[PDB]
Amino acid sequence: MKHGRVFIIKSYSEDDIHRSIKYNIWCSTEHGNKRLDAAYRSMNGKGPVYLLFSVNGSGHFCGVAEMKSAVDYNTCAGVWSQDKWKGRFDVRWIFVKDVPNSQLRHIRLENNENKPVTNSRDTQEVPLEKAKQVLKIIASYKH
């Protein structure tokens, strides 16, 4: 088996996130789709690709999903908040819960100039050991 690969997902539409949770699908930018497609295919089913979702300006992460398919680049147009989001891949949301950035901001990414994980861009990949730290904090956070 292989350890998971873990990516930050950012959205500036809460409605798009709602749709993602309801129907277990997502789409990124062109370069973001390529990045996730490469990772999913190179895993070759021997470990998961995890996605850590966060709405721009919300000050919190909102949950965790697993990538469940390769990217399909030719799908129905205009299904998201804006037309610029093209293509589709399946996801499985593992859990949905808000976790304040304050709980995560001291985790820094050595592959992103040691910036805090909470300052990441869409499809920023997370080093394994930091991803474990983030996932355990998110899993155990209590309001």
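The term rigid core refers to the maximal set of C-alpha atoms that superpose within 1.5 Å between the two forms. Numbering starts at 1 and follows the sequence shown.
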74 to 82 or 23 to 31, the stretch lying farther from the shown form in 8 other deposited structures of this protein by root mean square CA distance over structures and residues, after core fitting, is 74 to 82
Going by the mean C-alpha B-factor recorded in the entry, which is higher: 39 to 47 or 113 to 121?
39 to 47
Between 126 to 134 and 7 to 15, which has the larger average Cα B-factor in the PDB entry?
126 to 134
Assigned third (lowest, middle, highest) for the C-alpha B factor of residue 82
middle
Third of the chain's Cα B-factor distribution that residue 69 belongs to, per the entry
middle
Sorting the chain's modelled residues by C-alpha B-factor, tell me whether residue 75 ends up in the lowest, middle or highest third.
middle
Is the Cα B-factor recorded for residue 95 in the lowest, middle or highest third of its chain?
highest
Where does residue 102 sit by CA temperature factor within its chain: lowest, middle or highest third?
highest
